[PDB]
$ cat my_file.cif   # mmCIF, N, CA and C atoms and all ligand atoms
data_work
#
loop_
_atom_site.label_atom_id
_atom_site.label_comp_id
_atom_site.auth_asym_id
_atom_site.auth_seq_id
_atom_site.Cartn_x
_atom_site.Cartn_y
_atom_site.Cartn_z
N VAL A 44 83.43 -156.50 115.01
CA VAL A 44 84.86 -156.98 114.96
C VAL A 44 85.74 -156.04 114.10
N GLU A 45 87.04 -156.00 114.39
CA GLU A 45 87.98 -155.17 113.62
C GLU A 45 88.15 -155.70 112.21
N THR A 46 88.74 -154.89 111.33
CA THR A 46 88.84 -155.33 109.95
C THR A 46 90.21 -155.95 109.70
N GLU A 47 91.16 -155.75 110.61
CA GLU A 47 92.52 -156.27 110.41
C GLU A 47 92.55 -157.80 110.61
N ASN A 48 93.01 -158.52 109.60
CA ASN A 48 93.16 -159.95 109.73
C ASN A 48 94.47 -160.22 110.44
N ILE A 49 94.36 -160.54 111.73
CA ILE A 49 95.56 -160.74 112.55
C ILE A 49 96.25 -162.08 112.36
N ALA A 50 95.65 -163.00 111.60
CA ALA A 50 96.29 -164.31 111.34
C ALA A 50 97.38 -164.21 110.25
N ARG A 51 97.23 -163.19 109.41
CA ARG A 51 98.04 -162.99 108.23
C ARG A 51 99.50 -162.99 108.60
N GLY A 52 100.26 -163.92 108.02
CA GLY A 52 101.74 -163.91 108.19
C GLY A 52 102.20 -164.48 109.53
N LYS A 53 101.27 -165.01 110.33
CA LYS A 53 101.63 -165.59 111.64
C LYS A 53 102.17 -167.02 111.49
N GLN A 54 102.77 -167.58 112.54
CA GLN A 54 103.27 -168.96 112.46
C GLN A 54 102.14 -169.97 112.44
N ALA A 55 102.09 -170.80 111.40
CA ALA A 55 101.03 -171.79 111.26
C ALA A 55 101.66 -173.16 111.28
N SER A 56 100.89 -174.17 111.69
CA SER A 56 101.41 -175.55 111.77
C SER A 56 100.23 -176.46 111.59
N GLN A 57 100.50 -177.73 111.29
CA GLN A 57 99.40 -178.68 111.08
C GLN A 57 99.89 -180.09 111.40
N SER A 58 98.94 -181.02 111.49
CA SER A 58 99.23 -182.39 111.94
C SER A 58 100.25 -183.11 111.06
N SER A 59 100.21 -182.87 109.76
CA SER A 59 101.22 -183.40 108.84
C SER A 59 101.05 -182.62 107.55
N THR A 60 101.97 -182.80 106.61
CA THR A 60 101.90 -182.05 105.34
C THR A 60 101.99 -183.00 104.14
N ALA A 61 101.06 -182.90 103.18
CA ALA A 61 101.12 -183.75 101.97
C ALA A 61 100.91 -182.89 100.75
N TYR A 62 101.35 -183.39 99.60
CA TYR A 62 101.20 -182.69 98.32
C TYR A 62 101.74 -181.26 98.38
N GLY A 63 102.75 -181.06 99.23
CA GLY A 63 103.34 -179.73 99.37
C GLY A 63 102.41 -178.68 99.96
N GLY A 64 101.33 -179.12 100.63
CA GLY A 64 100.27 -178.19 101.12
C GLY A 64 100.65 -177.50 102.42
N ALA A 65 101.72 -176.69 102.38
CA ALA A 65 102.26 -176.05 103.60
C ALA A 65 101.20 -175.31 104.44
N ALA A 66 101.25 -175.51 105.75
CA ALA A 66 100.33 -174.85 106.69
C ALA A 66 100.25 -173.33 106.50
N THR A 67 101.39 -172.69 106.19
CA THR A 67 101.41 -171.23 106.02
C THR A 67 100.55 -170.75 104.84
N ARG A 68 100.11 -171.68 103.99
CA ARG A 68 99.24 -171.29 102.87
C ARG A 68 97.87 -170.78 103.31
N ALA A 69 97.44 -171.17 104.51
CA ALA A 69 96.15 -170.67 105.01
C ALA A 69 96.29 -169.26 105.63
N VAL A 70 97.51 -168.74 105.75
CA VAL A 70 97.71 -167.38 106.33
C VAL A 70 98.55 -166.49 105.41
N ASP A 71 98.53 -166.81 104.11
CA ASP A 71 99.33 -166.08 103.13
C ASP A 71 98.62 -164.89 102.48
N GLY A 72 97.41 -164.58 102.93
CA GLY A 72 96.69 -163.43 102.40
C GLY A 72 96.08 -163.70 101.03
N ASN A 73 95.88 -164.96 100.71
CA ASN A 73 95.32 -165.33 99.41
C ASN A 73 94.21 -166.35 99.61
N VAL A 74 92.95 -165.96 99.39
CA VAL A 74 91.85 -166.89 99.58
C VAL A 74 91.59 -167.80 98.39
N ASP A 75 92.38 -167.67 97.32
CA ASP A 75 92.18 -168.54 96.13
C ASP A 75 92.06 -170.04 96.51
N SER A 76 90.92 -170.65 96.21
CA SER A 76 90.59 -171.96 96.73
C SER A 76 91.01 -173.15 95.83
N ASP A 77 91.67 -172.85 94.72
CA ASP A 77 92.06 -173.88 93.77
C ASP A 77 93.44 -174.41 94.20
N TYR A 78 93.47 -175.68 94.56
CA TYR A 78 94.71 -176.28 95.09
C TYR A 78 95.88 -176.04 94.15
N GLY A 79 95.59 -176.09 92.83
CA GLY A 79 96.63 -175.91 91.80
C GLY A 79 97.26 -174.52 91.81
N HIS A 80 96.62 -173.57 92.48
CA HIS A 80 97.19 -172.22 92.62
C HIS A 80 98.06 -172.02 93.87
N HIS A 81 98.30 -173.13 94.58
CA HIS A 81 99.32 -173.20 95.65
C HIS A 81 99.01 -172.35 96.89
N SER A 82 97.75 -171.99 97.10
CA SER A 82 97.41 -171.24 98.31
C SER A 82 96.49 -172.01 99.29
N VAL A 83 96.45 -173.32 99.14
CA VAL A 83 95.59 -174.17 99.97
C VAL A 83 96.49 -175.20 100.68
N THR A 84 96.22 -175.43 101.96
CA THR A 84 96.99 -176.40 102.76
C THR A 84 96.51 -177.82 102.47
N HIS A 85 97.27 -178.79 102.97
CA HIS A 85 96.89 -180.20 102.80
C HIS A 85 97.68 -181.03 103.81
N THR A 86 96.97 -181.77 104.66
CA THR A 86 97.65 -182.74 105.54
C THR A 86 97.61 -184.13 104.89
N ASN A 87 98.24 -185.12 105.52
CA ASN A 87 98.06 -186.52 105.14
C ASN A 87 96.59 -186.88 105.27
N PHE A 88 96.15 -187.90 104.54
CA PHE A 88 94.90 -188.60 104.88
C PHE A 88 95.14 -189.32 106.20
N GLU A 89 94.54 -188.81 107.28
CA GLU A 89 94.82 -189.32 108.61
C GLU A 89 93.63 -189.07 109.51
N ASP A 90 93.66 -189.60 110.73
CA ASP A 90 92.56 -189.38 111.67
C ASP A 90 92.77 -188.09 112.42
N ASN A 91 91.69 -187.34 112.62
CA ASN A 91 91.77 -186.11 113.43
C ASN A 91 92.87 -185.16 112.96
N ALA A 92 92.93 -184.92 111.66
CA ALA A 92 93.84 -183.91 111.10
C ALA A 92 93.55 -182.53 111.74
N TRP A 93 94.59 -181.72 111.90
CA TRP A 93 94.37 -180.39 112.50
C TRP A 93 95.30 -179.38 111.87
N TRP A 94 94.94 -178.11 112.00
CA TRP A 94 95.75 -176.98 111.53
C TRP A 94 95.69 -175.92 112.64
N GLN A 95 96.78 -175.17 112.84
CA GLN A 95 96.77 -174.18 113.90
C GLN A 95 97.51 -172.92 113.48
N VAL A 96 97.02 -171.76 113.94
CA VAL A 96 97.83 -170.55 113.84
C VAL A 96 98.10 -170.01 115.24
N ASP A 97 99.33 -169.57 115.42
CA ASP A 97 99.76 -168.91 116.63
C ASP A 97 99.69 -167.41 116.39
N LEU A 98 98.78 -166.73 117.09
CA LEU A 98 98.65 -165.28 116.93
C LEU A 98 99.82 -164.51 117.52
N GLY A 99 100.64 -165.21 118.28
CA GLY A 99 101.91 -164.70 118.80
C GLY A 99 101.78 -164.01 120.14
N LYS A 100 100.54 -163.68 120.50
CA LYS A 100 100.22 -163.10 121.79
C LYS A 100 98.72 -163.28 122.00
N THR A 101 98.24 -163.01 123.21
CA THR A 101 96.82 -163.18 123.50
C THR A 101 95.98 -162.04 122.95
N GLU A 102 94.96 -162.40 122.19
CA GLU A 102 94.11 -161.41 121.54
C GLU A 102 92.66 -161.67 121.90
N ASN A 103 91.88 -160.61 121.99
CA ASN A 103 90.45 -160.76 122.13
C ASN A 103 89.79 -161.05 120.78
N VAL A 104 89.43 -162.31 120.58
CA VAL A 104 89.00 -162.79 119.26
C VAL A 104 87.49 -162.76 119.19
N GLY A 105 86.99 -162.16 118.11
CA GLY A 105 85.57 -162.15 117.88
C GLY A 105 85.11 -162.92 116.66
N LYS A 106 86.00 -163.12 115.68
CA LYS A 106 85.61 -163.78 114.43
C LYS A 106 86.76 -164.59 113.83
N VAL A 107 86.45 -165.83 113.42
CA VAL A 107 87.37 -166.67 112.65
C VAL A 107 86.65 -167.00 111.35
N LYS A 108 87.31 -166.76 110.22
CA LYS A 108 86.66 -167.05 108.93
C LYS A 108 87.47 -168.11 108.21
N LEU A 109 86.82 -169.19 107.82
CA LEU A 109 87.50 -170.28 107.13
C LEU A 109 87.13 -170.21 105.67
N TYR A 110 88.11 -170.42 104.81
CA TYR A 110 87.88 -170.50 103.36
C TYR A 110 88.22 -171.90 102.93
N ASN A 111 87.24 -172.60 102.42
CA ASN A 111 87.40 -174.00 102.02
C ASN A 111 88.15 -174.15 100.68
N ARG A 112 88.75 -175.33 100.48
CA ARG A 112 89.23 -175.75 99.15
C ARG A 112 88.04 -175.80 98.18
N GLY A 113 88.27 -175.39 96.94
CA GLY A 113 87.19 -175.29 95.95
C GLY A 113 87.32 -176.13 94.69
N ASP A 114 88.50 -176.65 94.38
CA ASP A 114 88.65 -177.45 93.17
C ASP A 114 88.43 -178.92 93.51
N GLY A 115 88.12 -179.73 92.49
CA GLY A 115 88.32 -181.20 92.55
C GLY A 115 87.22 -182.03 93.23
N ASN A 116 86.11 -181.37 93.57
CA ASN A 116 84.99 -182.00 94.29
C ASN A 116 85.28 -182.64 95.63
N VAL A 117 86.15 -182.02 96.42
CA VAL A 117 86.61 -182.59 97.67
C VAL A 117 86.34 -181.61 98.83
N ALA A 118 85.47 -180.62 98.56
CA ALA A 118 85.11 -179.59 99.54
C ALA A 118 84.53 -180.21 100.80
N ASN A 119 83.84 -181.34 100.63
CA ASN A 119 83.19 -181.93 101.79
C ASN A 119 84.16 -182.57 102.79
N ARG A 120 85.47 -182.52 102.51
CA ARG A 120 86.45 -182.97 103.51
C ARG A 120 86.46 -182.04 104.73
N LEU A 121 86.07 -180.79 104.52
CA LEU A 121 85.91 -179.85 105.63
C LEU A 121 84.48 -179.99 106.15
N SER A 122 84.31 -181.01 106.98
CA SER A 122 83.01 -181.34 107.57
C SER A 122 83.30 -182.05 108.89
N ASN A 123 82.35 -182.01 109.83
CA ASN A 123 82.51 -182.67 111.13
C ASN A 123 83.84 -182.27 111.77
N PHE A 124 83.96 -180.98 112.09
CA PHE A 124 85.19 -180.41 112.63
C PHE A 124 84.88 -179.40 113.72
N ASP A 125 85.87 -179.14 114.57
CA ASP A 125 85.78 -178.10 115.56
C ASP A 125 86.65 -176.92 115.16
N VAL A 126 86.22 -175.72 115.57
CA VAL A 126 87.10 -174.55 115.60
C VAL A 126 87.34 -174.21 117.08
N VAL A 127 88.62 -174.13 117.44
CA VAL A 127 89.05 -174.10 118.83
C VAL A 127 89.91 -172.89 119.09
N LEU A 128 89.69 -172.26 120.22
CA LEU A 128 90.52 -171.17 120.68
C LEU A 128 91.28 -171.64 121.92
N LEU A 129 92.59 -171.39 121.97
CA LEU A 129 93.39 -171.77 123.11
C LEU A 129 94.08 -170.54 123.67
N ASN A 130 94.29 -170.55 124.99
CA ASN A 130 95.06 -169.49 125.63
C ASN A 130 96.56 -169.73 125.46
N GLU A 131 97.37 -168.89 126.10
CA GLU A 131 98.81 -168.98 125.97
C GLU A 131 99.38 -170.30 126.50
N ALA A 132 98.75 -170.85 127.53
CA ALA A 132 99.13 -172.14 128.09
C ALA A 132 98.58 -173.31 127.27
N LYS A 133 97.90 -173.00 126.16
CA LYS A 133 97.31 -173.97 125.24
C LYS A 133 96.14 -174.75 125.82
N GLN A 134 95.42 -174.13 126.75
CA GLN A 134 94.18 -174.71 127.25
C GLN A 134 93.04 -174.15 126.42
N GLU A 135 92.00 -174.94 126.23
CA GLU A 135 90.88 -174.51 125.42
C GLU A 135 90.13 -173.39 126.14
N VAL A 136 89.78 -172.33 125.43
CA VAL A 136 88.95 -171.29 126.01
C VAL A 136 87.59 -171.23 125.26
N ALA A 137 87.53 -171.83 124.07
CA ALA A 137 86.25 -171.89 123.35
C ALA A 137 86.34 -172.94 122.28
N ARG A 138 85.20 -173.49 121.86
CA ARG A 138 85.17 -174.56 120.88
C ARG A 138 83.80 -174.57 120.22
N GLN A 139 83.77 -174.59 118.89
CA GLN A 139 82.50 -174.73 118.19
C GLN A 139 82.62 -175.86 117.21
N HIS A 140 81.59 -176.69 117.16
CA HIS A 140 81.53 -177.80 116.23
C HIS A 140 80.69 -177.43 115.00
N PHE A 141 81.07 -177.93 113.83
CA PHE A 141 80.30 -177.71 112.60
C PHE A 141 80.16 -179.00 111.83
N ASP A 142 78.96 -179.27 111.32
CA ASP A 142 78.73 -180.47 110.50
C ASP A 142 79.28 -180.30 109.10
N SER A 143 79.00 -179.15 108.49
CA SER A 143 79.26 -178.91 107.08
C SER A 143 79.39 -177.41 106.82
N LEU A 144 79.93 -177.06 105.65
CA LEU A 144 79.83 -175.70 105.16
C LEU A 144 78.65 -175.60 104.18
N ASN A 145 78.07 -176.77 103.87
CA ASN A 145 76.92 -176.91 102.94
C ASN A 145 77.20 -176.40 101.54
N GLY A 146 78.40 -176.69 101.03
CA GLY A 146 78.79 -176.21 99.71
C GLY A 146 79.21 -174.75 99.64
N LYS A 147 78.95 -173.97 100.70
CA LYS A 147 79.48 -172.60 100.81
C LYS A 147 81.02 -172.57 100.72
N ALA A 148 81.57 -171.52 100.11
CA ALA A 148 83.02 -171.38 99.98
C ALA A 148 83.70 -171.00 101.31
N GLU A 149 82.91 -170.43 102.23
CA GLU A 149 83.49 -169.89 103.47
C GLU A 149 82.58 -170.07 104.67
N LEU A 150 83.17 -169.99 105.86
CA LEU A 150 82.38 -170.10 107.09
C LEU A 150 82.86 -169.01 108.02
N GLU A 151 81.91 -168.19 108.51
CA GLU A 151 82.24 -167.21 109.51
C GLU A 151 81.90 -167.78 110.87
N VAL A 152 82.90 -167.81 111.75
CA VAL A 152 82.70 -168.31 113.11
C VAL A 152 82.84 -167.13 114.06
N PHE A 153 81.81 -166.90 114.86
CA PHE A 153 81.82 -165.81 115.84
C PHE A 153 82.01 -166.31 117.26
N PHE A 154 83.02 -165.76 117.93
CA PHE A 154 83.31 -166.09 119.32
C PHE A 154 83.00 -164.91 120.21
N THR A 155 82.61 -165.18 121.45
CA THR A 155 82.12 -164.11 122.33
C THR A 155 83.28 -163.55 123.12
N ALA A 156 84.00 -162.63 122.48
CA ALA A 156 85.06 -161.86 123.12
C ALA A 156 86.04 -162.78 123.89
N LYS A 157 86.63 -163.72 123.17
CA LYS A 157 87.51 -164.68 123.80
C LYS A 157 88.99 -164.30 123.77
N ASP A 158 89.65 -164.31 124.93
CA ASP A 158 91.07 -164.01 124.94
C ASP A 158 91.88 -165.27 124.62
N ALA A 159 92.46 -165.29 123.43
CA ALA A 159 93.14 -166.50 122.98
C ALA A 159 94.44 -166.17 122.27
N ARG A 160 95.39 -167.11 122.35
CA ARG A 160 96.62 -167.02 121.56
C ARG A 160 96.63 -167.91 120.29
N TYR A 161 95.95 -169.04 120.33
CA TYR A 161 95.96 -169.99 119.21
C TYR A 161 94.58 -170.22 118.67
N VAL A 162 94.51 -170.43 117.35
CA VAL A 162 93.26 -170.77 116.69
C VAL A 162 93.54 -172.08 115.98
N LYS A 163 92.68 -173.05 116.21
CA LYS A 163 92.90 -174.38 115.67
C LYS A 163 91.64 -174.86 114.96
N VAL A 164 91.84 -175.55 113.83
CA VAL A 164 90.77 -176.27 113.18
C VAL A 164 91.11 -177.77 113.33
N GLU A 165 90.14 -178.55 113.80
CA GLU A 165 90.34 -179.98 114.06
C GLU A 165 89.26 -180.77 113.37
N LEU A 166 89.65 -181.61 112.42
CA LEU A 166 88.72 -182.57 111.82
C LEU A 166 88.46 -183.69 112.84
N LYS A 167 87.25 -184.25 112.84
CA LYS A 167 86.91 -185.31 113.79
C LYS A 167 86.66 -186.63 113.09
N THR A 168 87.09 -186.68 111.86
CA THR A 168 86.70 -187.66 110.91
C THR A 168 87.94 -188.56 110.63
N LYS A 169 87.73 -189.82 110.28
CA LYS A 169 88.87 -190.74 110.12
C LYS A 169 89.43 -190.63 108.73
N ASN A 170 90.75 -190.80 108.61
CA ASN A 170 91.40 -190.95 107.32
C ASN A 170 91.01 -189.86 106.32
N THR A 171 90.98 -188.61 106.79
CA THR A 171 90.65 -187.51 105.87
C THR A 171 91.63 -186.32 106.03
N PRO A 172 92.09 -185.73 104.90
CA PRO A 172 93.05 -184.64 105.05
C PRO A 172 92.33 -183.33 105.31
N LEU A 173 93.01 -182.44 106.03
CA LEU A 173 92.50 -181.08 106.24
C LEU A 173 93.14 -180.16 105.21
N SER A 174 92.31 -179.47 104.43
CA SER A 174 92.77 -178.50 103.45
C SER A 174 92.00 -177.19 103.65
N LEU A 175 92.73 -176.11 103.88
CA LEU A 175 92.12 -174.80 104.08
C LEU A 175 92.74 -173.83 103.07
N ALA A 176 91.89 -173.09 102.35
CA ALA A 176 92.40 -172.06 101.44
C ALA A 176 92.92 -170.86 102.25
N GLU A 177 92.26 -170.54 103.36
CA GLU A 177 92.68 -169.43 104.19
C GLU A 177 91.91 -169.50 105.50
N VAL A 178 92.56 -169.01 106.56
CA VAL A 178 91.91 -168.76 107.87
C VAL A 178 92.25 -167.33 108.26
N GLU A 179 91.19 -166.54 108.45
CA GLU A 179 91.36 -165.15 108.83
C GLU A 179 90.82 -164.98 110.23
N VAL A 180 91.47 -164.14 111.03
CA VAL A 180 91.09 -164.00 112.44
C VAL A 180 90.99 -162.51 112.73
N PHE A 181 89.92 -162.12 113.43
CA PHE A 181 89.64 -160.69 113.67
C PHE A 181 89.36 -160.43 115.13
N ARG A 182 89.92 -159.33 115.65
CA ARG A 182 89.67 -158.94 117.04
C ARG A 182 88.23 -158.48 117.21
N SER A 183 87.69 -158.70 118.40
CA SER A 183 86.43 -158.09 118.82
C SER A 183 86.51 -156.57 118.65
N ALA A 184 85.39 -155.97 118.21
CA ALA A 184 85.25 -154.51 118.17
C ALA A 184 85.34 -153.93 119.59
N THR A 185 86.07 -152.82 119.79
CA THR A 185 86.04 -152.13 121.10
C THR A 185 85.02 -150.99 121.09
CA CA A 201 95.76 -169.04 101.16
NI NI A 202 94.35 -172.31 87.16
#
$ encode --input "my_file.cif" --output "C-alpha cells"
Amino acid sequence: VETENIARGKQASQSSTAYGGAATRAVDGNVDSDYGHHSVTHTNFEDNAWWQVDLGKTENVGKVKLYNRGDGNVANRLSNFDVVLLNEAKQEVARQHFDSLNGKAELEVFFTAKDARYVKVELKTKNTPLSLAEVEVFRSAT
C-alpha cells in the first residue's frame, strides 16, 4: 500500500456529535488518543453509532487504520463494529467485522484492492458512542 494517508483533511461526518467530539478529529493528522487533547471524535450514546470519511473521489483502497481512544478506560467501546467501503453511489463494496481491538491502540484493516469513495466505521452495539482518535486510509500499491 502507498504511504500517503488520503483520509487526511477530507470531509468527515458521524451519526451525532457529543462532548464537542467533532468527526473531523479523526482526519486531523493527529493520532493522540487522549480525549482531553481534542483529537478524538465522540458521538451520542446511541444505537449503531457510525463515522464516515468521504475520500472525495473513487480510490483503490488497500488499508484502513483505526486509532482507538486511549484515556479513561473506555477503549472497549470500539468493539463489535464493521469497517465498510462504499462506492460513489454509496453502495457497499466491502465490509469487515471486528469483535475487539484487544486493548491494542490501533487496528490495521486490509482490503483487497477495493474501488471506494467512502470509508465508514459502524458500531453494532446498543447505546454506545463511537470515538476514534484517527482513521487513516491508504491506496493499494501499484
Ligand atoms: Ca485525530
Ligand atoms: Ni494531557
$ closest_atom_pairs --input "my_file.cif" --of "region 136-185 of chain A" --to "region 64-82 of chain A" --cutoff "5 Å" --atoms "all atoms listed in the file" --output "tab-separated table"
residue	atom	partner	partner_atom	distance
A:176	C	A:69	CA	4.3
A:177	CA	A:69	CA	3.8
A:178	N	A:69	C	3.9
$ atom_distance --input "my_file.cif" --atom1 "atom N of residue 120 (chain A)" --atom2 "atom N of residue 47 (chain A)"
28.5 Å
$ residues_near_point --input "my_file.cif" --point "(96.0, -164.0, 131.9)" --cutoff "9 Å" --atoms "only C-alpha atoms" --output "PyMOL selection string"
chain A and resi 101+130-131+158
$ closest_residue --input "my_file.cif" --among "A:168, A:103, A:145, A:95" --to "residue 123 (chain A)" --atoms "all atoms listed in the file"
A:168
$ axis_aligned_box --input "my_file.cif" --around "region 165-183 of chain A" --padding-each-side "6 Å" --output "JSON"
{"center_x": 89.8, "center_y": -173.8, "center_z": 110.1, "size_x": 18.7, "size_y": 46.4, "size_z": 29.4}
$ atom_distance --input "my_file.cif" --atom1 "CA of residue 174 (chain A)" --atom2 "CA of residue 99 (chain A)"
22.6 Å
$ atom_distance --input "my_file.cif" --atom1 "CA of residue 155 (chain A)" --atom2 "CA of residue 172 (chain A)"
29.0 Å
$ closest_residue --input "my_file.cif" --among "A:51, A:100, A:140, A:160" --to "residue 121 (chain A)" --atoms "only C-alpha atoms"
A:140
$ closest_residue --input "my_file.cif" --among "A:156, A:166, A:127, A:55" --to "residue 91 (chain A)" --atoms "only C-alpha atoms"
A:166
$ select_by_dssp --input "my_file.cif" --residues "chain A" --states "helix (DSSP H, G or I)" --output "ChimeraX atom specification"
/A:66-70,78-80,118-120
$ select_by_dssp --input "my_file.cif" --residues "region 45-179 of chain A" --states "strand (DSSP E or B)" --output "PyMOL selection string"
chain A and resi 54-57+93-111+124-129+135-141+149-166+175-179
$ residues_near_point --input "my_file.cif" --point "(87.7, -155.8, 118.1)" --cutoff "12 Å" --atoms "only C-alpha atoms" --output "list in words"
residues 44, 45, 46, 47, 48, 49, 102, 103, 104, 105, 106, 153, 154, 155, 156, 157, 158, 180, 181, 182, 183, 184 and 185 of chain A
$ closest_residue --input "my_file.cif" --among "A:124, A:110, A:161, A:93" --to "residue 149 (chain A)" --atoms "all atoms listed in the file"
A:110
$ residues_around --input "my_file.cif" --residues "residue 150 (chain A)" --least-positions-apart "3" --cutoff "8 Å" --atoms "only N, CA and C atoms" --output "list in words"
residues 107, 108, 109, 110, 111, 143, 144, 147 and 153 of chain A
$ closest_residue --input "my_file.cif" --among "A:133, A:98, A:90, A:175" --to "ligand CA 201 (chain A)" --atoms "only N, CA and C atoms and all ligand atoms"
A:175
$ residues_around --input "my_file.cif" --residues "residue 63 (chain A)" --least-positions-apart "5" --cutoff "8 Å" --atoms "all atoms listed in the file" --output "MDAnalysis selection string"
chainID A and resid 81 83:86
$ closest_residue --input "my_file.cif" --among "A:159, A:56, A:146, A:88" --to "residue 118 (chain A)" --atoms "all atoms listed in the file"
A:146
